[PDB]
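Report on the structure given below.
Number of protein chains: 2
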Amino acid sequence: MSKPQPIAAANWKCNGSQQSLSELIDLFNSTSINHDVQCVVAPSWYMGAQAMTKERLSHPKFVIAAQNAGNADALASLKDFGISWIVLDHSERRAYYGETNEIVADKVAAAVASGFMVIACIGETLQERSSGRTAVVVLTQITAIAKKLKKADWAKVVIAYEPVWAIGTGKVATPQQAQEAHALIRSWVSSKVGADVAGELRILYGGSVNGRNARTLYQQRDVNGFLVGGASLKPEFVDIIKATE
Amino acid sequence: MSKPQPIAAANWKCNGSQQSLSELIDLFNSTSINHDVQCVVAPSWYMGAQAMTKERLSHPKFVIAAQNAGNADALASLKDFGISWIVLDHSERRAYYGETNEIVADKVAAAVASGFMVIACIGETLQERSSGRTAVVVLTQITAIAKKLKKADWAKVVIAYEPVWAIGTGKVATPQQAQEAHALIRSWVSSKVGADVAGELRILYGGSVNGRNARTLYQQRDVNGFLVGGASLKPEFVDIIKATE
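Chains C and B supply the protein sequences, listed in that same order.
The first sequence runs 412 to 656 under our numbering.
The second sequence runs 412 to 656 under our numbering.
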């Protein structure tokens, strides 16, 4: 496959049930995973979730990611607290309130500068998809991001293709849709910065991934794992991790 | 007597029912309030929360607040979007990941500088309370905040005493506990900036406030209203507003 190390990311934004979380991490801690894969849990600070996660999470293949970073103080605070991954949900921020492509690019470049691994979420809206503007839209986003990055910075970067219309809607991208978007994203990185880097970049798919559909998505040449919301708050997440083999 | 205008603030962080919100604001829009009180709703941009609120909210005594501001761009963006109040959950940020007192002070000073009204949340952890360190801890936080403020800036500032151990836990501060903390806060302000300013400052209580317990809390000499999470996502919030008479 010569695929790089896959990633399986649990997006725990705004979760309600905190006893539920502790149990989840218990399950994760005891889950034997038989292949090379980076697992990520991205709890909110909201309630005890992030603090508890930091405390209880012990599985060697898991790291903790934060939801968004702004100013280097917040970043430095995160470093201090022991968190070194960040998820930037640009796809959504752009969609819901028009966050700028340059803003996320600045965020990425800054987070990387402070030595974070960064999961950058890019994607088109339902509108844009129907219009046939996926490629234009996605290419614009990756282009903006790349502008602010040196070749070596890509080692600290992970891209998540996360079409907004697929987020929490039950509407999953078909394998062909994901594969096209990922291929498209990689090709731009190859062009801009080199086939070597482009090859090492993980591009994760996000949006209504579950244990039933994960395996077939991962089979796609340019899919390197998943960003998972709803299905990551369930024992099902384990199936998703294993779909990345 | 002579309390300044009370505030009733609905903290809608990370809420998980969107149709539920629209209905809430409908109820608020039609709610007749028979006294002078500033109401505040603090929706997340997450989902349509904030954008919908901006669109549907019409009640004359309500304003919209944002959850946290960083860099003057984000602030300017907020001004542009028509939002001019901010809630800074320092109590929590400090507790969950160790946010610095000086960081929140800088945030306050900056938000005020951009012409925002600021609700600064300060408070001690369960640990600090049990240890008997409430006063030390709370005083340290207000002190930090004050260092970055000129006398005139206090007109743009609102303090919320929000003990972390009372947040979303069902454990409400007793009236005496809230009264002590508020009195302590006000007496510092009186000393280090003046009785006049100290007299005008609203100090809100936050942490497991509901319709049953609000009235008795508000009766306390130094309580100027409430920061409400869970109970602010229910029709109950109306009872809380009326408890402020």
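Even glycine gets a Cβ: it sits at the ideal position worked out from N, Cα and C.
Item to complete: Under 8 Å by Cβ, that's how I've got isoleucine 444 of chain C and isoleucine 652 of chain C pegged, so tell me the actual separation to the nearest angstrom.
Response: 6 Å
Worksheet entry | Inter-residue Cα distance where the pair is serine 598 of chain C and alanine 453 of chain C | Their backbone Cα atoms lie some 28 Å apart in a straight line.
Practice prompt. Locate the beta strand (DSSP E) running through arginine 613 of chain C, then write down its first and last residues.
Written response: 613–617
Worksheet entry | Run of the alpha helix (DSSP H) containing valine 549 of chain B, from where it starts to where it stops | 545–558
Worksheet item: CB-CB under 8 Å to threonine 442 of chain B, same chain, minus the five flanking residues each way: which ones, in chain order?
Response: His470, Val649, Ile652
Discussion item. Rounded to whole angstroms, what is the Cα-Cα separation between residue 660 of chain C and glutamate 535 of chain C?
Written reply: The structure shown does not extend to residue 660 of chain C, since chain C is modelled only from 412 through 656, so no value can be given for it.
Worksheet item: What is the C-beta distance between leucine 615 of chain C and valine 569 of chain C, in whole angstroms, given that I count them as a contact (C-beta under 8 Å)?
Response: 7 Å
Fill in: Under 9 Å between C-beta atoms of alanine 592 of chain C and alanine 584 of chain C
yes
Fill in: Start-to-end residues for the alpha helix (DSSP H) that takes in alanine 477 of chain C
Unbroken run through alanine 477 of chain C is the beta strand (DSSP E), 473–478; no alpha helix (DSSP H).
Worksheet item: Relative to the alpha-carbon of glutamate 539 of chain B, which residue among B/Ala566, B/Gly459, B/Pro574 has its alpha-carbon at the smallest distance?
Response: The shortest C-alpha separation from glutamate 539 of chain B is found at B/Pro574.
Item to complete: Give me the Cα-Cα distance between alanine 571 of chain B and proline 646 of chain C, rounded to the nearest whole angstrom.
Response: The straight-line gap from Cα to Cα measures roughly 39 Å.
Discussion item. If distances are taken between C-alpha atoms only, which option among C/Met528, C/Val548, C/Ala609 comes closest to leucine 537 of chain C?
Written reply: C/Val548
Worksheet entry | Minimum C-alpha distance to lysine 561 of chain B - residue among B/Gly640, B/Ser542, B/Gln552, B/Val604 | B/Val604
Worksheet item: Would you call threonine 580 of chain B buried or exposed, if buried means 16 or more other Cβ atoms sit within 10 Å of its Cβ?
Response: exposed
Worksheet item: Distance, Cα to Cα, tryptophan 576 of chain C vs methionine 458 of chain C?
Response: 28 Å
Worksheet item: Does the beta carbon of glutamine 588 of chain C come closer than 9 Å to any beta carbon on chain B?
Response: no
Fill in: C-beta contact flag for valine 639 of chain C and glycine 617 of chain C at 9 Å
yes
Practice prompt. Following the continuous beta strand (DSSP E) through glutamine 416 of chain B, name the residue where it begins and the one where it ends.
Written response: From DSSP, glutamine 416 of chain B is part of no beta strand (DSSP E); its letter is neither H nor E.
Worksheet item: Going along chain C in order, which residues have a C-beta closer than 8 Å to the C-beta of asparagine 440 of chain B?
Response: What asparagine 440 of chain B touches in chain C: nothing, since even the nearest Cβ is about 22 Å away.
Worksheet item: Between which two residues does the alpha helix (DSSP H) containing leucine 499 of chain C stretch?
Response: Element bounds for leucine 499 of chain C: not the alpha helix (DSSP H) but the beta strand (DSSP E), 496–499.
Discussion item. Below 8 Å on the Cβ atoms is my contact criterion, and I expect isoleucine 494 of chain B with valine 519 of chain B to pass it. Report the Cβ-Cβ distance as a whole number of Å.
Written reply: The pair is not a contact, with the Cβ atoms about 16 Å apart (cut-off 8 Å).
Discussion item. Please tell me whether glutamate 539 of chain C has its Cβ less than 9 Å away from any Cβ of chain B.
Written reply: With a threshold of 9 Å between beta carbons, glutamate 539 of chain C makes no contact with chain B.
Fill in: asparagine 422 of chain B versus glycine 641 of chain B - alpha carbon distance
8 Å
Worksheet item: Is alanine 520 of chain B helix, strand or coil when you go by DSSP?
Response: helix
Worksheet item: Any C-beta of chain B sitting closer than 9 Å to the C-beta of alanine 421 of chain C?
Response: With 9 Å as the cut-off, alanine 421 of chain C does not count as an interface residue toward chain B.
Item to complete: For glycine 581 of chain B, decide whether its Cβ has a neighbour in chain C, counting only Cβ atoms nearer than 9 Å.
Response: no
Practice prompt. Kindly examine the ligand SAM and report whether one of its heavy atoms sits closer than 8 Å to the Cβ of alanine 460 of chain B.
Written response: You won't find the ligand SAM in this model; it holds no ligand whatsoever.
Item to complete: Mind checking which residues open and close the alpha helix (DSSP H) that includes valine 604 of chain B?
Response: 586–604 is the span of the alpha helix (DSSP H), which, as asked, contains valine 604 of chain B.
Worksheet item: Of all the residues that make up the segment 451–463 of chain C, which are near chain B by a beta-carbon distance shorter than 8 Å?
Response: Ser455, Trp456, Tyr457, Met458, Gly459, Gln461, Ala462
Discussion item. Tell me which residues of the segment 622–651 of chain C have at least one Cβ-Cβ distance to chain A shorter than 8 Å, keeping chain order.
Written reply: Note that chain A does not occur in the displayed structure, where the protein chains are C and B.
Discussion item. Less than 9 Å between CB atoms is the rule here; does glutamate 573 of chain B satisfy it with respect to chain C?
Written reply: no
Fill in: Where the alpha helix (DSSP H) containing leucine 438 of chain B begins and where it ends
429–440
Worksheet item: Taking Cβ to Cβ, would you say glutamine 590 of chain B is nearer than 9 Å to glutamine 552 of chain B?
Response: No Cβ-Cβ contact shorter than 9 Å links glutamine 590 of chain B with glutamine 552 of chain B.
Discussion item. Measuring straight from C-alpha to C-alpha, what distance separates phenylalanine 527 of chain C and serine 488 of chain C?
Written reply: Approximately 12 Å, taken between the alpha carbons.
Practice prompt. Compare the C-alpha of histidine 501 of chain B against each of B/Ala531, B/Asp517, B/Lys465 and name the closest.
Written response: B/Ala531
Discussion item. Taking the alpha carbon of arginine 504 of chain C as the reference point, which residue from B/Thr511, B/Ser619, B/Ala485, B/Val620 has its own alpha carbon closest?
Written reply: Selected option, being the one with the closest Cα: B/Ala485.
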